[PDB]
Amino acid sequence: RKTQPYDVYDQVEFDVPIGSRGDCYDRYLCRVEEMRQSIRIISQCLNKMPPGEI
Amino acid sequence: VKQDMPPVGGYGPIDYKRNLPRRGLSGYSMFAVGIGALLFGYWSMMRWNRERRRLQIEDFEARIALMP
Numbered sequence: 620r621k622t623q624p625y626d627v628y629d630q631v632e633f634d635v636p637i638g639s640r641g642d643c644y645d646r647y648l649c650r651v652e653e654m655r656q657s658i659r660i661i662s663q664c665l666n667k668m669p670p671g672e673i
Numbered sequence: 617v618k619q620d621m622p623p624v625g626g627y628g629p630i631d632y633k634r635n636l637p638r639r640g641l642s643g644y645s646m647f648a649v650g651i652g653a654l655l656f657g658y659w660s661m662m663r664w665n666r667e668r669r670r671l672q673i674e675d676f677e678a679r680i681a682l683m684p
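The listed protein sequences correspond, in order, to chains D and G.
All residue numbers in the first sequence are consecutive under the numbering used here, ending with 673.
All residue numbers in the second sequence are consecutive under the numbering used here, ending with 684.
Written as structure tokens, this is what we have:
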């Protein structure tokens with residue numbers, strides 16, 4: 620999403636979490652933070668809905 | 617007119633904080649109140665056991681005087 624934005628993802632504010640260690644507690648933490656960043660993207664997408672076209 | 621589904625003038629924000637209260641006692645306070653109730657139980661235990669030994673000695677004296 621941040622190296623080749625294939626759509627309008629370049630206009631929303633978020634950050635992907637980076638993992639520190641080779642383990643799955645940390646990977647669990649990055650999953651949960653990706654969920655919360657998805658919530659942020661949903662809030663900004665509700666605030667930026669154009670009435671264009673189907 | 618047109619009748620799509622727009623947002624009405626902008627909507628409210630929604631939080632993204634890991635909202636944690638971390639409440640409860642500290643180490644020292646919880647530790648001290650546990651040890652304090654422990655020592656309270658010890659003092660009452662000591663009192664009841666020594667009065668109980670008094671009564672059990674009375675029971676011994678009953679069997680002594682009863683025997684011959």
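No residue lacks a Cβ here, since even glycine has one placed at the ideal position from N, Cα and C.
Output yes if chain G places a C-beta closer than 8 angstroms to the C-beta of residue 637 of chain D; else output no. Sequence index remark: in the first sequence, residue 637 of chain D carries index 18 (1-based). Not closer than 8 angstroms to any Cβ of chain G, the Cβ of residue 637 of chain D fails to qualify, so no.
From what residue to what residue does the alpha helix (DSSP H) around residue 616 of chain D run? The requested residue 616 of chain D does not occur in the structure, where chain D is confined to residues 620 to 673.
For residue 619 of chain G, I'd like the list of residues in its chain whose CB is within less than 6 angstroms of its CB, leaving aside the five on either flank, ordered along the chain. Here residue 619 of chain G refers to the residue found at position 3 when the second sequence is read from its first residue. Contacts found: none.
Residue 641 of chain G: CB within 7 angstroms of a non-hydrogen atom of the ligand SAH: For the ligand SAH, the structure offers nothing, since it holds no ligand at all.
Are the Cβ atoms of residue 655 of chain D and residue 632 of chain G separated by less than 8 angstroms? The residue given as residue 655 of chain D occupies position 36 in the first sequence. The residue given as residue 632 of chain G occupies position 16 in the second sequence. For residue 655 of chain D and residue 632 of chain G, yes; Cβs fall inside 8 angstroms.
Hey, could you find the ends of the alpha helix (DSSP H) residue 661 of chain G is sitting in? Residue numbering aside, residue 661 of chain G sits at position 45 when the second sequence is read from its first letter. Note, residue 661 of chain G: alpha helix (DSSP H), 643–682.
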